[PDB]
Structures are given as structure tokens and as C-alpha cells.
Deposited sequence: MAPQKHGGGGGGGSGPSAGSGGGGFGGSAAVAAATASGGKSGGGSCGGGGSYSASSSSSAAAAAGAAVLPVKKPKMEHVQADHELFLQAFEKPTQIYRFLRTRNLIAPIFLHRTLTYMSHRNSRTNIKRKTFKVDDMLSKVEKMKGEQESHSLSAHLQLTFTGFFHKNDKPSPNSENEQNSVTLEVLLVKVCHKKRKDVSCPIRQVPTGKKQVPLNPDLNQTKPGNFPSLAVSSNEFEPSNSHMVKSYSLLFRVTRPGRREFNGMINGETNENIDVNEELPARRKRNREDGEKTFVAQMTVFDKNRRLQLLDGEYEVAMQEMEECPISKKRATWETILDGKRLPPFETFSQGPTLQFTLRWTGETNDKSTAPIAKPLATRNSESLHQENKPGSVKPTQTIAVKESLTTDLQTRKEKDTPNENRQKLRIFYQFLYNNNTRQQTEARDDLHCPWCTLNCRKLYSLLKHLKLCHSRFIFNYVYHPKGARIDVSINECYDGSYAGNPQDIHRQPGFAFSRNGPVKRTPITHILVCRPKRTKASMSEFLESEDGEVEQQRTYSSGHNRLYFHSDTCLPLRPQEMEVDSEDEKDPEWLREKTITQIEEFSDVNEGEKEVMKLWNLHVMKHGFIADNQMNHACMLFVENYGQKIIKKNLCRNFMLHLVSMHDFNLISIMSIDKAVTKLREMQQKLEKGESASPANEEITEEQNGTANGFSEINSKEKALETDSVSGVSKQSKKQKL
């Protein structure tokens, strides 16, 4: 026997939330400090009014006290290389990523290539220069990112501005290790001009014993819950893929986890796109139609106090997707209005009456033809009452008058009226009307 089935069953809940840890830490769907039971965080009480005439003066004072960075022209002189040759450099200006830009665009500005010593030895020095133009202006360089420098011999890169647009460099000799293709390097200079326990429950005959550490931090979403009650409540709220039951450990608390028995609400988007083939499913390139639904989960919670003893959904809409009864085919929301797929005269019974009438022995097609056609008509309109059939005969003649006139079946059709009157269904006057309309 193997327990790999248990691990596989619990791994799907595991890795999902483990990746959601990174996703939410980078991009929180909600602030954890703002949770009602996580409210021990966010100690900044809302008590201030913050009149709009205090931040402008403070910002002006900060701007006056700021502006630490200063600049005039950037210059640099090359010393040489070293290996265990003419050199080319470039100037790059980077603009921040715009809507039409997949990433931040980079635009390069050429300069004058020069020559550098081909890995000179010690004391070999006995003039190459490159100067930058003072083209940095607030209007011209408003949209650009921090500038950078290109070096090629064997390519290297290094920026100039810091995060706050301040100068990151200085006038001095630089020893740069070159990222070719100790080791390759280049020389030059620059110038200016409590304890808890865990348990896993599934097929409880046997299980893998577990222990717990970092108690206040969730094993999955690594959230530091400073309140023991709030830890279990957050586990319940954010980890429906597990069922937690609390037992008081002799040396603290204990939580036993178990895979969810039902775990409903797996999909909540447009139900029409659940069964659709790939490519056309979850497209969202253009608007898609879905049935109107209304769902409410919070109206006015009682807001009870944080009580440990507590540990031991309205919806009016179509919601689920509807399928065609005849074909078990999913129904389009736009086709939903008229796709009743049920009417009084199914085609199969239309063929059934024909086949059964024609199949019988002691009767010929000369009479079976009208015997078949009358059934077709009456079952097409589904007459029930006697006064309904009095006009059912009339509607039969109305539907098939030209066809019978071109067919000349009046004498055979007369047998139908005789049977009608023998059952008192068709009156004497209605007998003639089936004849005048026949021609």
C-alpha cells in the first residue's frame, strides 16, 4: 500500500495557496491589516482631519531643504584594458513604458569612437577623451527614465542617475571588471566639467504525523496572526480547501486539517464559457453576454467580539448553465428566450403514425393515405375537445384543399366525414363546408 493518493489529494490545495502567497504579497487582493479579526494591525487610528493648507507649505519646505544633488558637464578619460584595441561607447536614453510600449523603450545616441590600449602592462601609461552635452532639461527629459552608459570593446553597462534622479557617480578613477562575451577588466576615470500542533485528516485509519513551528504565521500564506482566534478564522476564510478542527493540546492548542468535502463555487465567471472548446473560451477580446445574476454575501454582519469559544449566501439568478433537453447541448444565453425545445407535434410521432397506419394488413393505401394525413393534421394542432374537432376537420380541409383538388381524393375523404357524423362530431352543415373548400 502507498499513501501517495493522500499527498496528491492535499497537494492541489497546497501548491495553489503557496503560489497565491507570492501573488498576494506582490499584489494583495485586500489589505490584511484591514480585516476585522486582523484589526490588531493598522495601529494608525483615523483621528486626523488634515486640512488641505498644511501639506503645501510642508512640501515647499521639503523642496527648499531638498535639492541635495547638483550638476553643471559629465566627462571621462580612458586608461586601458586588461586581459589574462579601439573601443566603442554609446549613450542611451530610456523612456518609461507607455500604453503602446510592451516594455520601457530604449533609445541610443551615438558618439565618437576612439582607441584604447590593448591590455597595457604595469607603468605603461605615458589621452582618449569623451564629453557629454548639457542637454538635460526638465521639459525635454520629463518623460525619460534614468540615463545609462554603454561600453563595448565585451559589452558593459552602467547608469548615471540614482532612483531619486541624483548623481550616482563622482570624478575619480574607475576599475571596472568587464563582462567579456582577476579576469577581464577595464580601467578609466571620470571627470566633471506558545506552541501549536498540526494534523492532516483523510482516511483517518492512518496518517503522516505532523508538527508545527512559527505558530502565529500561516503555513500557506505566511501571514503573522498575532491573535490565535484570528489565525484559525483566517484559515477558515482563505483556505476553504481545508477543514480545520481545534482540540486543546496538553501544552497549548492543536489544529487538524482535512480536505474539503464539497468545496462548491469552483467557477464564478460566465457559465457559457465553461464547456466551450479552447481558443474561443475565456477570450474577453470583445464583450461577451452572460445571464444576469444577483449574489449577496454581506448585508449587515453582527460584528461580534473576538471570542475563542466559536471554535471547537443569498442568490437570485440563473447561476448554473442550462443544457438542451433533447441533445444535452449547452444553451446560449441569447438563444435562451425561445429555445423551449418542446412543442405539441414532435416529428418522430409524425413518422410513427405514418409507419403504423401503413403497416397494418387489412387496409390499403387508398384509405391509409387519408388515415395518415388526418392524424398528421390533428396532432399538428393538437385538438382535444369535440367542438375543437368540428373545426379540426375544417382546418384539415383548409390546409390540404389545393393538394386534394390536385389529388382528387374527395370520395376517400368522404369516408372521414361519414365517420365524423356517425360519432355526431361533425354536423350536417359542416359536412358540405368540407366539400366546397375541397375544390
(request) Extract from the deposited sequence all ranges with no corresponding C-alpha coordinates, numbering residues from 1. (result) 1-80, 153-155, 168-181, 224-227, 255-294, 323-350, 363-425, 545-555, 683-739
